[PDB]
Each structure stands twice: as C-alpha cells, then as structure tokens.
Amino acid sequence: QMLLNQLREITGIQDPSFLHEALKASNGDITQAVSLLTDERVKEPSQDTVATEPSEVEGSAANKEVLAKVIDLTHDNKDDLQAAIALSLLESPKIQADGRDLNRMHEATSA
C-alpha cells in the first residue's frame with residue numbers, strides 16, 4: 001500500500017482514489033503525482049478573478065441594451081448625375097476669361 005500511504009502523507013489528501021489518480025496522471029512517478037495534486041497552490045497566477053467591486057450606484061436601470069449604430073452611409077449615388085456633371089465639366093471651354101471668343105473683333109464704331 002506504500003505508494004498510497006506515501007502520497008497521502010506528503011500531499012494531505014485522505015481520498016484513496018485521488019491518490020491512485022495522481023499516480024495514474026504521473027504515469028507512475030509519485031513525485032510528479034504530488035506536484036499535480038499540489039496544483040491547488042501551484043496554479044498561481046490563477047484565472048480571471050476580476051478585481052472590481054460592484055458600483056452601489058447603478059444609473060443603468062434599463063437592463064435592455066439596444067446597441068443600434070447610425071453608420072448607414074447609404075449615399076447610393078447613381079452614375080447618371082455623376083457622369084452628367086462630369087461630362088458638363090469636361091466640355092468646359094478654352095475661354096479662360098468670361099468671353100474671349102471675340103479676340104481681335106471689329107466693333108465698327110464709325111466715328
């Protein structure tokens with residue numbers, strides 16, 4: 001009964017099955033069996049134990065959270081008015097000053 005007695009003595013676990021299962025987990029190595037049972041104090045740092053005390057003042061009375069964004073950029077701009085304005089701006093005359101079509105005109109003011 002030596003392996004059960006030894007492990008029990010050097011872990012503290014009184015449950016005979018837990019002792020077998022440690023020896024089973026360690027594939028026979030009783031030292032590893034101790035290490036695996038003492039994981040109760042070797043686990044540290046432990047899992048997410050969130051260090052946050054509940055706020056006594058809870059303004060959030062509505063348990064219902066409706067998170068509905070307004071990022072609907074439905075611009076839906078058709079190619080029709082785009083290509084219309086674009087065409088009208090592309091045909092912009094070589095007149096760079098109001099109306100210089102009449103460059104070198106003859107006013108015909110006979111005075």
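No Cβ is skipped: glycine too gets one built from the backbone with ideal geometry, and neighbour counts run over all protein chains shown. All of the numbers you see were taken from the coordinates with simple rules; none came from a lab.
Please arrange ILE13, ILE85 by counting, for each residue, the other beta carbons lying within 10 Å of its beta carbon, fewest first.
On the way: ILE13 18, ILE85 10.
Listing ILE13, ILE85 from fewest to most nearby Cβ atoms yields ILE85, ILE13.
Using a 10 Å Cβ count of at most 13 others and DSSP loop calls, identify the longest part of the chain lacking such trypsin sites (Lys or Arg not before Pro). Show your work: numbers first, answer last.
Numbers: sites that count: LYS43, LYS64, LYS69, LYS78, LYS94, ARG104.
It works out to 1-42.
Taking only the alpha carbons of the chain, we obtain Rg and Dmax values of 43.6, 139 Å in that order. Against the chain, whose longest principal axis comes from its Cα atoms, helix 16-25 is set at around 50 degrees. With springs connecting C-alpha atoms under 10 Å apart, model the chain as a Gaussian network and identify which of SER17, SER88, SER60 has the largest mean-square fluctuation. Maximum among the listed residues: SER88. Each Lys or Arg adds one and each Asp or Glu takes one away; over the other residues whose Cβ falls under 13 Å from the Cβ of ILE85, this sums to -2. Comparing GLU65, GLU91, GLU44 in a Gaussian network model of the chain, where Cα atoms under 10 Å apart are tied by springs, the biggest mean-square fluctuation is seen for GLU91.
So what is the calculated 222 nm ellipticity per residue for the chain, using -39500 (n - 2.57) for each DSSP H run with n of 4 or more, over all residues, to the nearest 500 deg cm²/dmol? One gets -11000 deg cm²/dmol as the mean residue ellipticity at 222 nm. Across the stretch 74-91, coupling constants 3J(HN,Hα) worked out from phi with the 6.51/-1.76/1.60 Karplus curve, θ = phi - 60°, read 6, 7, 6, 5, 5, 6, 4, 6, 5, 6, 5, 5, 4, 5, 5, 7, 6, 7 Hz, and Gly and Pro carry x.
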